[PDB]
C-alpha cells in the first residue's frame, strides 16, 4: 500500500486575508509526525504557529513520537505579506504498514496583506 504521498496526505490551503488555514487529509493507516512539520514565511510575517496536541505512537524510526491521524487542521495568522510572498510548508508522514515517506515541501502562494 505504497500509494503516492499526495494520496496518503492530501494537502490544501484556504486564505481569507489575514486568516490562513492549512489542512491535510490523512488516509486511514497513515500518520504525520508533529515534530517534522516546518512552516517558513518568505516576504511575510505570521503569528507564532501552535501545533495542536496529537496522539502518542511508537515505531522503529523515532521510537515514541507525537503523531497526527485522520486530519490535521492548522490555522495561521498572516500579519503582513507583500506581493508574491509565500509560505514554505514541510512535513513528513509514515504508513502503519511499515515504511516512512521522505519529507515533502509545499509552497503556498500568499495573497498580499497590508500590516497591523
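Numbering follows the first chain given and starts at 1.
So 1-9 or 107-115, which one's hotter by mean CA B-factor in the entry?
Between 107-115 and 1-9, it is 1-9 that shows the higher mean C-alpha B-factor.
Tell me which of 69-77 and 54-62 has the higher mean C-alpha B-factor in the deposited entry.
For C-alpha atoms only, the mean B-factor is higher in 54-62.
Check where residue 22 lands among this chain's C-alpha B-factors and tell me if it's the lowest, middle or highest third.
Its C-alpha B-factor belongs to the lowest third of this chain's values.
Comparing against every modelled residue in the chain, figure out the third that the C-alpha B-factor of residue 92 lands in (lowest, middle or highest).
Lowest third.
Residue 86 CA temperature factor, ranked by third within the chain:
According to the entry, residue 86 has a C-alpha B-factor in the chain's lowest third.
Lowest, middle or highest third: which one holds residue 32 when the chain's residues are ordered by CA B-factor from the entry?
It falls in the bottom third of the chain.
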